[PDB]
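Enquirer: What follows is a single structure, and I will ask about it in a moment.
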Amino acid sequence: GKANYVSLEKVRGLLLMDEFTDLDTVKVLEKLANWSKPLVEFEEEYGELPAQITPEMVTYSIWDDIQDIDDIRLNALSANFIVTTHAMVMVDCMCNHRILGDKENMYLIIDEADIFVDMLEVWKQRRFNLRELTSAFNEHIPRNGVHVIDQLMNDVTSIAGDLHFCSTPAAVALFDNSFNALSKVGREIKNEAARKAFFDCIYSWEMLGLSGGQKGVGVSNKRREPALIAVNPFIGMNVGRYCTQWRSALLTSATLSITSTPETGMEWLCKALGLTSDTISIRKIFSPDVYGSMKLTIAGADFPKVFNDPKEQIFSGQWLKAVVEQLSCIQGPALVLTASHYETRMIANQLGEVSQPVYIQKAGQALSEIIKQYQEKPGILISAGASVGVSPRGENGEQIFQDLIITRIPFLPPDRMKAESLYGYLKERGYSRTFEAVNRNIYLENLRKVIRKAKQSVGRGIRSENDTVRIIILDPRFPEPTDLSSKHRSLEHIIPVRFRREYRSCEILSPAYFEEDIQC
Amino acid sequence: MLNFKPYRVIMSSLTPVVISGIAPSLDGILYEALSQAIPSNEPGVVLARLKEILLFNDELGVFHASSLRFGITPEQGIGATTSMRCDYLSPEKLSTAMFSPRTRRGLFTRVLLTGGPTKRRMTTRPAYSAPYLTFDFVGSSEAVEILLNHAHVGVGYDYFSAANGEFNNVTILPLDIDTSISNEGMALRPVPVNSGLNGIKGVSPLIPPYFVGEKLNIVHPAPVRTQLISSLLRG
Amino acid sequence: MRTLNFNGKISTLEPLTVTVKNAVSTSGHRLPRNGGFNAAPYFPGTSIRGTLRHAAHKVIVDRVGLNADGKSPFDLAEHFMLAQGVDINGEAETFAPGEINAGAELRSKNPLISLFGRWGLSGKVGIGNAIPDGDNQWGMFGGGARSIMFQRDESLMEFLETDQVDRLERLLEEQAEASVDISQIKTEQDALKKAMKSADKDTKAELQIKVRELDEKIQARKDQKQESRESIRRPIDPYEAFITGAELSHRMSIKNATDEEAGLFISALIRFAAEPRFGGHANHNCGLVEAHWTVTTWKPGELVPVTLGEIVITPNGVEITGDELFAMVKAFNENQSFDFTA
Amino acid sequence: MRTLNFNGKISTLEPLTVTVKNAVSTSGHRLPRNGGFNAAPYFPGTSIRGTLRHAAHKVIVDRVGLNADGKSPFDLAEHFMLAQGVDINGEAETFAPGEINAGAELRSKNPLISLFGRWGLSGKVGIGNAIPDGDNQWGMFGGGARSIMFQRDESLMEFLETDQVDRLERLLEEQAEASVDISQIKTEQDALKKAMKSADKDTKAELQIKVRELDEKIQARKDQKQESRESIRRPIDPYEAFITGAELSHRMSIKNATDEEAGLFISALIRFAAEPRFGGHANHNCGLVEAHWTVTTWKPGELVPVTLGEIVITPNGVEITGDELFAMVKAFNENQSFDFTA
DNA sequence: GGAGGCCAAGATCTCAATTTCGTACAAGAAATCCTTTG
DNA sequence: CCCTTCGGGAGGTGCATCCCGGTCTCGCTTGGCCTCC
């Protein structure tokens with residue numbers, strides 16, 4: 001990233017003014033001033049500069065226009081292999097190639113393409129900052145209405161909390177209520193031209209929201225400002241257009257295939273990016289014949305139901321007790337991968353010290369801190385869904401978790417409004433499909449998303465060819481090998497194909513119908 | 001000529017399977033699938049291509065393709081349902097817009113549907129409704145997966161006409177012992193009498209299609225065999 | 001020749017139901033479940049096959065047209081040959097039993113008898129079942145109850161003459177007495193059936209020759225009704241159907257088919273889209289479907305599916321996508337040398 | 001003969017409800033749920049079909065003309081046959097299976113029977129279920145509670161004599177004590193019904209007998225009530241109904257619809273617009289609907305259908321667009337070759 | 001006078017009863033943030 | 001450039017219906033009888 005780079009000649013201001021009471025830094029900062037190169041190239045390669053040369057202070061600036069970034073971009077432009085974050089690619093979403101150059105010249109290899117198309121959703125975000133609208137109309141201001149605008153701004157802060165985006169039913173309900181009360185304020189602007197401008201702005205926000213995608217409440221990364229987030233319903237194919245602009249793009253990932261069949265487990269990208277048969281050049285699934293060893297333990301059908309009442313997010317005491325017991329039965333370092341931070345909280349509260357150091361991922365805490373703390377002292381590590389493509393290395397390349405415990409399959413919540421938005425879209429497109437049909441379609445798409453997410457979760461194990469993992473799925477809904485007619489049979493694709501024999505021969509913690517029938 | 005490994009195929013039965021006396025052999029299913037894949041009904045070429053995806057016993061003259069075996073779970077078992085075909089002479093079929101009935105007194109002679117050569121044929125056949133179907137075979141897993149998933153082939157008498165024994169979720173798993181031809185001396189598919197395998201005597205061609213070729217004496221397993229799905233997935 | 005596999009989904013526009021004798025029992029109308037009650041129903045491929053065969057036969061009738069007298073050229077024998085493949089006159093080419101590729105002349109001359117077979121000639125079109133893609137996609141639709149018109153709308157009585165009003169009152173009285181008699185007879189029948197599950201062979205034989213006589217008594221009492229044999233205020237039994245908007249996976253195929261036979265099949269599908277109705281209970285608009293079928297073929301020699309096009313039937317129209325589908329359709333429109341009269 | 005498909009939406013003016021014996025149970029009143037208990041309710045196509053059939057029957061009755069004293073020439077049998085397809089005489093000409101053009105003469109001379117069919121004659125008109133749009137468009141409407149008029153308004157008591165006041169006292173005391181007894185026995189019944197779920201079904205039979213005799217004792221206790229047989233003060237069980245303003249996608253079809261039959265159907269819609277009521281609880285004005293339908297014909301063999309016009313029924317009037325619908329209505333109104341007798 | 005069609009009559013009997021998806025997630029950047037401050 | 005109060009308290013009861021009314025069929029062949037040619 002541009003800001004990620006090492007700071008500018010202000011760094012020389014750091015060479016002198018040695019107020020920082022370290023007294024070992026001066027020489028390394030002298031070296032730094034003579035090395036105007038990327039942080040990773042210099043700071044993370046010459047000892048990591050611990051307890052000195054703070055990255056926070058040398059981080060470019062959020063509003064830095066210096067033209068040295070242009071020089072670095074030109075220096076790195078002459079290249080054949082370039083390594084960068086997906087963000088930089090996605091920056092071109094609206095940036096009209098003002099940071100990149102020729103498309104027909106180069107190729108684009110998106111590694112971790114599942115993370116790319118998952119992060120699109122975070123980038124499928126246009127936020128209506130209510131503070132921004134308040135400040136914009138400071139002359140045509142129906143100040144009597146301002147209270148409402150503040151009151152909604154309070155509610156967003158109550159619902160959004162510390163999250164940049166939340167799609168809970170509270171969030172969409174607050175979206176609708178806020179926009180209705182802002183249409184209320186719409187009949188208060190005195191200037192007719194200003195009244196129409198405001199009305200058109202809120203109308204555009206309304207169609208942007210309802211027409212397609214997800215609505216939510218946002219809290220801006222900087223200044224923590226309340227906002228109402230919506231999803232652009234036609235920029236989903238613009239990314240595909242952007243990829244096709246390159247001479248030949250390759251989307252590759254470790255979980256891109258929901259199923260083992262290429263031509264039926266890939267439609268999530270075919271539809272998400274809008275790719276029709278024009279852009280389906282090859283669809284192939286390549287997995288190693290033998291890479292590591294996988295033992296499987298599963299919760300049978302008779303295992304207790306996870307949620308006693310999932311509508312209010314209530315975990316059944318029986319299932320929590322069983323999970324606590326099974327976790328206490330472990331005898332080596334283990335990585336528990338929950339779905340929610342609430343579930344992390346509940347298992348942490350119910351679970352106690354089991355002779356194995358416990359570690360917890362607090363909501364919002366960057367996984368780097370927890371993983372670093374747990375590395376030196378291994379043991380139980382509960383991590384929520386925040387960790388999607390980060391596995392805990394053993395600090396020398398060795399596996400430091402013999403057991404990978406998926407307490408529950410990370411089922412996505414029902415989207416009663418995404419279904420409504422898709423139904424409205426199809427209805428306006430002329431397609432005649434009942435609401436329940438759209439609900440089924442959305443449910444199947446969410447199930448495929450869940451299959452991919454738990455594929456990523458399982459991929460946290462067996463990071464090396466010598467790695468051996470005991471994967472323990474404690475979810476009652478995970479299909480038993482003998483129950484080939486389970487509703488979530490597709491979840492069998494979570495297990496890699498090579499270890500499917502190990503899926504068939506697995507220790508069931510609570511198998512159902514565990515008897516020997518005579519009508520054989 | 002391709003490296004063949006013993007595989008067991010288990011599929012979810014969707015409609016009743018009608019067995020034509022002899023249990024449907026997976027070799028026949030694959031033969032039909034290839035006849036669809038190769039646009040040719042000549043037995044020679046379809047067989048030659050079938051040998052490339054299935055192991056063929058030269059000394060015994062059959063493909064390594066076990067007969068149908070019904071995978072029954074503790075939820076659903078082998079059930080007796082009738083595959084039921086009826087002529088439906090609707091008013092549109094019985095109308096002058098579609099043909100010219102012979103007329104007398106200006107009245108159209110109604111079709112005698114109660115009997116005769118123009119009756120409403122109520123053909124009912126037995127059919128076995130198990131929750132799963134299973135076969136064993138020494139062949140290429142890729143080709144058989146592709147065929148069973150994409151070729152219009154079912155298990156039973158007429159999948160083409162009656163749509164009997166529709167299946168889906170075809171899952172292949174490797175086996176440890178070749179259980180296609182023999183099973184502790186019990187033939188799991190049609191085999192010649194001289195092979196020494198016991199079972200049930202019958203007359204049928206050894207090699208598919210099972211409606212052509214001289215019908216020579218064979219030993220075949222029980223037409224309706226049931227096994228627990230858990231035991232079938234053990235391998 | 002080519003094998004065209006139509007793999008697709010049928011979205012149900014209005015509930016899809018079918019009456020099957022084995023599936024239907026005295027407990028009620030159930031769809032074919034291929035197992036117990038707690039199983040997944042499937043729409044029979046026989047019903048879809050017959051519907052598409054009727055569509056193709058209508059297409060053939062339209063292509064052939066009518067004689068100068070305005071009457072269809074087909075007679076009963078040819079009509080039944082094309083509709084259901086029953087040779088009523090006993091005049092048909094008895095192809096050899098062991099020769100698979102027999103009737104190439106007949107196949108070329110009669111593309112309908114090629115696509116769907118006749119008796120003794122294997123059909124080329126394999127119409128699979130419509131399998132639901134969910135665990136709850138069927139329901140007890142229809143039902144309701146037949147209500148006496150004059151007991152719901154009093155205004156309708158203003159049209160009846162006093163003689164007819166007395167006739168109505170007599171009908172209602174007869175219905176009431178027939179109900180209160182048949183219900184008691186059925187209660188006795190139920191008691192006898194309850195005693196059927198504790199009986200031995202002798203008393204079983206004694207107490208089942210009694211049940212049928214109670215049924216004959218019911219029939220005689222119903223016949224005694226002078227004004228109406230059957231009660232009008234009848235509760236209609238529901239019929240099991242697929243829910244509205246049920247995504248049913250449908251697998252169809254044509255085997256080693258000339259472009260003309262495939263063209264006839266596509267034309268039959270297009271005509272079927274005019275009235276895309278599958279199954280019965282058409283009174284409740286049951287059977288209306290919209291289907292998208294990806295038409296694939298097999299690569300020469302290679303076991304790989306190529307996508308030749310798509311067939312999307314919807315109420316707004318039929319969308320044929322793929323050049324080769326148009327080629328097949330026009331080829332069927334051409335080759336006027338088809339002979340459906342022999 | 002055109003295949004007219006009416007595709008449209010029924011907007012709800014007042015809550016839309018229907019009590020189907022299949023869907024409703026002792027748990028309460030539920031709308032017909034499409035697949036499952038937790039599935040979206042649908043207004044049955046049966047109720048809409050019956051409403052439209054009665055509307056068309058009234059259309060035919062008015063067209064044929066009431067006699068001087070407002071009485072239609074039709075007998076009772078003709079009314080029942082036209083409006084419910086049930087023949088009370090038994091003289092209705094059953095078309096033996098295999099008849100070519102079965103009932104073409106009756107269809108020509110009886111457009112109404114051609115549209116809505118009969119026993120043995122297929123009805124050209126298929127009236128589909130009206131499925132709702134969106135996640136929530138239904139709820140438990142109705143409800144509330146019957147209240148003693150005199151305990152709510154004391155002003156009504158000045159209209160009662162001393163004897164009637166004493167009668168009211170007796171009625172209330174009897175209701176209170178009978179309700180106490182009924183609640184006790186119902187508590188015991190509820191305890192037994194909770195014990196019902198035991199796996200010992202052989203004893204479930206005895207428990208069911210116990211429930212039946214408990215209900216008989218409840219009935220006997222209620223019969224032992226001189227003043228009121230039924231408790232006057234009682235909460236009304238709510239009925240599930242589609243919300244006001246609920247949009248329900250609706251589809252109807254008329255296969256091979258002649259201009260006469262199509263015109264009769266449009267006239268039936270027009271007359272139904274006068275009382276646009278679909279279903280029950282009319283006491284709460286339930287059933288009022290504003291429906292707009294697009295009529296589209298589909299010439300078989302044509303890839304796309306053509307929209308003949310649109311029928312819009314609103315409280316402000318009936319708007320019919322397209323010259324085709326007007327032509328069909330006029331053709332039906334001018335054709336004098338219909339005889340609905342038998 | 002033969003040759004199509006419509007109707008009636010022909011033996012007693014087969015077994016079986018069904019109950020409602022999924023829950024909570026969010027990283028490094030051109031940004032517009034911005035615009036300051038003044 | 002102050003400094004944001006205490007707590008009070010949170011229902012009693014009614015009453016929970018009656019009834020209809022659960023269909024025809026037909027899956028074959030033959031001759032007698034009716035009109036047709």
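Simple scheme: letters A, B, ... for chains in structure tokens order, numbers from 1 for residues in each chain, numbers from 1 for ligands in the order shown.
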Do you know which residues are at most 6 Å from residue 73 (chain B) counting only C-alpha atoms (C1' of nucleotides), after dropping those on the same chain fewer than 2 positions away, and could you put them as a ChimeraX atom specification?

Expert: /B:75-76,228-229

Enquirer: With chain C laid on chain D by least squares, using all C-alpha atoms in order, how large is the RMSD?

Expert: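 Overlaying the two chains on their C-alpha atoms yields 1.3 Å.
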
Enquirer: From a DSSP pass on the backbone, collect the residues of region 1-229 of chain D flagged as strand (DSSP E or B) and hand them back as a ChimeraX atom specification.

Expert: /D:2-12,16-17,25,28,33,41,43,125-127,130-132,138-141,145-146

Enquirer: Give me the residues near residue 118 (chain B) as a list in words, where near means some atom within 9 Å (using only C-alpha atoms (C1' of nucleotides)) and where sequence neighbours in that chain fewer than 4 positions away do not count.

Expert: residues 111, 112, 113 and 114 of chain B; 76, 77, 80, 86, 87 and 88 of chain C

Enquirer: Those selected residues, please, written with C-alpha atoms and delivered as an mmCIF file, in the first residue's frame.

Expert:
data_model
loop_
_atom_site.group_PDB
_atom_site.id
_atom_site.type_symbol
_atom_site.label_atom_id
_atom_site.label_comp_id
_atom_site.auth_asym_id
_atom_site.auth_seq_id
_atom_site.Cartn_x
_atom_site.Cartn_y
_atom_site.Cartn_z
ATOM 1 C CA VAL B 111 -62.645 -45.648 -29.366
ATOM 2 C CA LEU B 112 -63.180 -48.819 -27.334
ATOM 3 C CA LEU B 113 -60.790 -48.102 -24.471
ATOM 4 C CA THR B 114 -62.216 -50.874 -22.278
ATOM 5 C CA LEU C 76 -57.315 -44.511 -35.780
ATOM 6 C CA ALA C 77 -54.401 -46.862 -36.488
ATOM 7 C CA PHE C 80 -52.649 -44.474 -32.010
ATOM 8 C CA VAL C 86 -50.188 -49.363 -30.079
ATOM 9 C CA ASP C 87 -50.602 -51.115 -33.435
ATOM 10 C CA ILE C 88 -54.357 -51.651 -33.437
#

Enquirer: Could you make a table, as a tab-separated table, of the residues of chain D that have an atom within 12 Å of an atom of chain A, each with its nearest atom pair and distance in Å to one decimal, counting only C-alpha atoms, in chain and number order?

Expert:
residue	atom	partner	partner_atom	distance
D:7	CA	A:432	CA	9.8
D:8	CA	A:432	CA	10.4
D:9	CA	A:432	CA	11.4
D:33	CA	A:436	CA	11.6
D:34	CA	A:436	CA	9.7
D:35	CA	A:436	CA	10.2
D:36	CA	A:436	CA	11.6
D:38	CA	A:436	CA	10.9
D:39	CA	A:436	CA	7.9
D:40	CA	A:436	CA	7.1
D:41	CA	A:436	CA	10.5
D:42	CA	A:434	CA	10.9
D:129	CA	A:434	CA	11.6
D:130	CA	A:434	CA	10.3
D:131	CA	A:434	CA	7.1
D:132	CA	A:435	CA	7.6
D:133	CA	A:435	CA	5.9
D:134	CA	A:435	CA	5.6
D:135	CA	A:435	CA	6.9
D:136	CA	A:416	CA	9.9
D:137	CA	A:435	CA	11.0
D:247	CA	A:435	CA	11.4
D:248	CA	A:434	CA	9.6
D:249	CA	A:434	CA	8.2
D:250	CA	A:432	CA	10.5
D:251	CA	A:432	CA	10.5

Enquirer: Pull N, CA, C and O atoms from the residues just selected and write them as a compact mmCIF listing (two decimals), in the first residue's frame.

Expert:
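out00.txt written:
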# COMPACT_ATOMS: atom_id res chain seq x y z
N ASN D 7 -52.26 -13.59 -16.28
CA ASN D 7 -51.19 -13.47 -15.30
C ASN D 7 -51.33 -12.11 -14.63
O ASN D 7 -51.39 -11.09 -15.31
N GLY D 8 -51.37 -12.09 -13.30
CA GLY D 8 -51.58 -10.82 -12.65
C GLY D 8 -51.36 -10.88 -11.16
O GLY D 8 -50.74 -11.81 -10.64
N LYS D 9 -51.87 -9.85 -10.49
CA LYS D 9 -51.73 -9.72 -9.05
C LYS D 9 -53.06 -9.33 -8.43
O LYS D 9 -53.79 -8.49 -8.96
N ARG D 33 -51.01 -23.65 4.12
CA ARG D 33 -49.56 -23.48 4.00
C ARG D 33 -49.07 -24.33 2.83
O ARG D 33 -49.46 -25.49 2.71
N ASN D 34 -48.24 -23.74 1.96
CA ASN D 34 -48.01 -24.37 0.67
C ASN D 34 -47.39 -25.76 0.80
O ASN D 34 -48.01 -26.76 0.44
N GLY D 35 -46.17 -25.85 1.33
CA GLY D 35 -45.57 -27.14 1.63
C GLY D 35 -45.73 -27.69 3.03
O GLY D 35 -46.18 -28.82 3.24
N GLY D 36 -45.35 -26.85 3.98
CA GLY D 36 -45.14 -27.23 5.36
C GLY D 36 -45.91 -26.33 6.31
O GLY D 36 -46.50 -25.33 5.92
N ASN D 38 -44.42 -24.42 8.36
CA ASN D 38 -43.64 -23.19 8.35
C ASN D 38 -43.48 -22.61 6.95
O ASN D 38 -42.49 -21.91 6.69
N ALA D 39 -44.42 -22.87 6.04
CA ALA D 39 -44.35 -22.39 4.67
C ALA D 39 -45.35 -21.27 4.44
O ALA D 39 -46.28 -21.07 5.22
N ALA D 40 -45.14 -20.53 3.36
CA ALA D 40 -45.93 -19.34 3.09
C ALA D 40 -47.38 -19.72 2.81
O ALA D 40 -47.63 -20.60 1.97
N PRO D 41 -48.36 -19.11 3.48
CA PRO D 41 -49.76 -19.42 3.16
C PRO D 41 -50.14 -18.93 1.78
O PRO D 41 -49.62 -17.93 1.27
N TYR D 42 -51.07 -19.65 1.16
CA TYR D 42 -51.60 -19.32 -0.16
C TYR D 42 -53.12 -19.35 -0.12
O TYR D 42 -53.71 -20.23 0.51
N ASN D 129 -53.71 -21.01 -7.60
CA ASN D 129 -53.54 -20.46 -6.26
C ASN D 129 -52.89 -19.08 -6.33
O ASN D 129 -52.03 -18.81 -7.17
N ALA D 130 -53.30 -18.21 -5.42
CA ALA D 130 -52.75 -16.86 -5.30
C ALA D 130 -51.68 -16.88 -4.21
O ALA D 130 -52.00 -16.85 -3.02
N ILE D 131 -50.42 -16.93 -4.62
CA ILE D 131 -49.30 -17.00 -3.69
C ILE D 131 -48.90 -15.58 -3.29
O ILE D 131 -48.90 -14.69 -4.16
N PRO D 132 -48.55 -15.31 -2.04
CA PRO D 132 -48.21 -13.93 -1.65
C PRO D 132 -46.83 -13.52 -2.16
O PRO D 132 -46.03 -14.34 -2.61
N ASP D 133 -46.58 -12.22 -2.09
CA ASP D 133 -45.30 -11.62 -2.44
C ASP D 133 -44.65 -11.07 -1.18
O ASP D 133 -45.28 -10.32 -0.43
N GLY D 134 -43.39 -11.43 -0.96
CA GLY D 134 -42.64 -10.94 0.18
C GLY D 134 -42.65 -11.92 1.34
O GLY D 134 -43.22 -13.01 1.29
N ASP D 135 -41.98 -11.49 2.42
CA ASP D 135 -41.75 -12.38 3.56
C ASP D 135 -42.97 -12.46 4.47
O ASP D 135 -43.40 -13.56 4.84
N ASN D 136 -43.53 -11.31 4.85
CA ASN D 136 -44.67 -11.27 5.75
C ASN D 136 -45.80 -10.51 5.07
O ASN D 136 -45.71 -9.30 4.86
N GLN D 137 -46.86 -11.24 4.71
CA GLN D 137 -48.09 -10.63 4.22
C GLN D 137 -49.32 -11.30 4.82
O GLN D 137 -50.40 -11.23 4.24
N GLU D 247 -49.98 -8.23 -1.82
CA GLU D 247 -49.92 -8.55 -3.24
C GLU D 247 -49.77 -10.06 -3.38
O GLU D 247 -48.83 -10.64 -2.84
N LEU D 248 -50.70 -10.69 -4.10
CA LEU D 248 -50.67 -12.13 -4.32
C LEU D 248 -50.61 -12.38 -5.82
O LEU D 248 -51.56 -12.07 -6.54
N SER D 249 -49.49 -12.92 -6.29
CA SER D 249 -49.38 -13.26 -7.70
C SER D 249 -50.38 -14.37 -8.02
O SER D 249 -50.45 -15.37 -7.31
N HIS D 250 -51.16 -14.17 -9.08
CA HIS D 250 -52.22 -15.09 -9.46
C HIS D 250 -52.11 -15.42 -10.94
O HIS D 250 -51.76 -14.57 -11.76
N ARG D 251 -52.42 -16.68 -11.27
CA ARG D 251 -52.34 -17.17 -12.63
C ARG D 251 -53.56 -18.03 -12.93
O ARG D 251 -53.88 -18.93 -12.16

Enquirer: Using only C-alpha atoms (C1' of nucleotides), which of A:230, A:89, A:210, A:275 sits nearest chain E?

Expert: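 Nearest candidate to chain E out of A:230, A:89, A:210, A:275: A:89.
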
Enquirer: Kindly indicate which residue among A:205, A:359, A:342, A:286 lies nearest to residue 24 (chain E), using only C-alpha atoms (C1' of nucleotides) for the distances.

Expert: A:342

Enquirer: Which parts of region 5-252 of chain A does DSSP call helix (DSSP H, G or I) when run on the backbone here, written out as a ChimeraX atom specification?

Expert: /A:10-15,25-33,39-42,68-77,86-91,113-123,130-136,143-160,169-186,192-211,236-245

Enquirer: So that I can see what lies close to region 267-274 of chain C, please list as a list in words the residues with an atom at most 7 Å from it, counting only C-alpha atoms (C1' of nucleotides) and leaving out residues fewer than 3 positions away in the same chain.

Expert: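 Non-adjacent residues within range: residues 52, 55, 56, 59, 263, 264, 313, 318 and 329 of chain C; 298, 299, 300, 301 and 303 of chain D.
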
Enquirer: I'd like a table as CSV: residues in chain B with an atom no more than 6 Å from chain F, each row giving the shortest atom pair and its distance in Å to one decimal, only C-alpha atoms (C1' of nucleotides) counted, sorted by chain and rising residue number.

Expert:
residue,atom,partner,partner_atom,distance
B:115,CA,F:28,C1',5.1
B:120,CA,F:27,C1',5.5
B:122,CA,F:27,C1',5.7

Enquirer: Against chain B, which residues of chain D fall within 10 Å? For each one I want the closest pair of atoms and the distance in Å (one decimal), counting only C-alpha atoms, rows by chain and increasing residue number, as a Markdown table.

Expert:
| residue | atom | partner | partner_atom | distance |
| --- | --- | --- | --- | --- |
| D:96 | CA | B:110 | CA | 8.5 |
| D:97 | CA | B:113 | CA | 6.8 |
| D:98 | CA | B:111 | CA | 4.5 |
| D:99 | CA | B:110 | CA | 4.3 |
| D:100 | CA | B:94 | CA | 4.6 |
| D:101 | CA | B:95 | CA | 4.6 |
| D:102 | CA | B:91 | CA | 6.6 |
| D:103 | CA | B:91 | CA | 9.3 |
| D:104 | CA | B:95 | CA | 9.2 |
| D:121 | CA | B:91 | CA | 8.7 |
| D:122 | CA | B:91 | CA | 8.0 |

Enquirer: Go ahead and compute the interatomic distance for CA of residue 335 (chain C) and CA of residue 105 (chain C), in Å to one decimal.

Expert: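 Answer for the CA of residue 335 (chain C) to CA of residue 105 (chain C) separation: 14.0 Å.
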
Enquirer: Any idea what's packed within 8 Å of region 3-12 of chain B, counting only C-alpha atoms (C1' of nucleotides), ignoring anything in its chain fewer than 5 positions away? Could you give it as a PyMOL selection string?

Expert: (chain A and resi 484-485) or (chain B and resi 53-55+71+131-141+167-179+235)

Enquirer: At a cut-off of 9 Å, using only C-alpha atoms (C1' of nucleotides), what residues contact residue 239 (chain C)? Leave out same-chain residues fewer than 2 positions from it and give the result as a ChimeraX atom specification.

Expert: /C:17-19,28-31,139-143,237,241,281

Enquirer: Given the selection you just returned, output its residues as a file containing N, CA, C and O atoms, formatted as a compact mmCIF listing (two decimals), in the first residue's frame.

Expert:
# COMPACT_ATOMS: atom_id res chain seq x y z
N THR C 17 -49.17 -31.67 -9.58
CA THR C 17 -49.71 -32.88 -8.96
C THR C 17 -49.97 -33.94 -10.01
O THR C 17 -50.10 -33.66 -11.20
N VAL C 18 -50.03 -35.19 -9.55
CA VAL C 18 -50.31 -36.33 -10.41
C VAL C 18 -51.00 -37.40 -9.58
O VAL C 18 -50.70 -37.58 -8.40
N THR C 19 -51.93 -38.12 -10.21
CA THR C 19 -52.63 -39.24 -9.59
C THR C 19 -52.01 -40.54 -10.08
O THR C 19 -52.03 -40.83 -11.28
N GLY C 28 -55.49 -41.08 1.37
CA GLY C 28 -55.52 -39.84 0.61
C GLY C 28 -54.68 -39.97 -0.64
O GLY C 28 -54.10 -41.01 -0.94
N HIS C 29 -54.64 -38.86 -1.38
CA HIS C 29 -53.84 -38.76 -2.60
C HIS C 29 -52.43 -38.33 -2.23
O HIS C 29 -52.23 -37.21 -1.74
N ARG C 30 -51.46 -39.21 -2.46
CA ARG C 30 -50.06 -38.92 -2.23
C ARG C 30 -49.29 -39.08 -3.54
O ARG C 30 -49.66 -39.89 -4.39
N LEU C 31 -48.23 -38.30 -3.69
CA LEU C 31 -47.40 -38.42 -4.87
C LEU C 31 -46.53 -39.67 -4.76
O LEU C 31 -46.35 -40.22 -3.67
N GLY C 139 -46.90 -30.43 -0.75
CA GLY C 139 -47.95 -30.08 0.18
C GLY C 139 -49.31 -30.59 -0.25
O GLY C 139 -49.52 -30.96 -1.41
N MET C 140 -50.23 -30.61 0.72
CA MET C 140 -51.60 -31.05 0.49
C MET C 140 -52.37 -29.85 -0.05
O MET C 140 -52.98 -29.09 0.70
N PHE C 141 -52.35 -29.69 -1.37
CA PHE C 141 -53.03 -28.58 -2.02
C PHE C 141 -54.47 -28.96 -2.35
O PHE C 141 -54.92 -30.08 -2.10
N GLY C 142 -55.18 -28.02 -2.97
CA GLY C 142 -56.57 -28.23 -3.32
C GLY C 142 -57.46 -28.31 -2.10
O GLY C 142 -57.63 -27.32 -1.39
N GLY C 143 -58.02 -29.48 -1.86
CA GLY C 143 -58.90 -29.65 -0.72
C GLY C 143 -60.09 -28.72 -0.81
O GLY C 143 -60.70 -28.56 -1.87
N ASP C 237 -61.25 -33.95 -0.78
CA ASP C 237 -59.98 -34.45 -0.28
C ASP C 237 -58.84 -33.69 -0.95
O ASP C 237 -58.87 -33.49 -2.17
N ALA C 241 -49.23 -32.10 -4.08
CA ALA C 241 -48.59 -31.44 -5.21
C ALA C 241 -47.25 -30.88 -4.77
O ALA C 241 -46.93 -30.84 -3.58
N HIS C 281 -55.45 -32.15 -12.19
CA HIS C 281 -56.09 -31.07 -11.44
C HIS C 281 -55.91 -29.73 -12.14
O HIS C 281 -55.60 -28.70 -11.53

Enquirer: What are the residues of chain D that have an atom within 8 Å of an atom of chain F, counting only C-alpha atoms (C1' of nucleotides), as a list in words?

Expert: residues 179, 230, 231, 233, 234, 235, 236 and 237 of chain D

Enquirer: Taking only C-alpha atoms (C1' of nucleotides) into account, report as a PyMOL selection string which residues of chain E lie within 10 Å of chain C.

Expert: chain E and resi 13+16-21
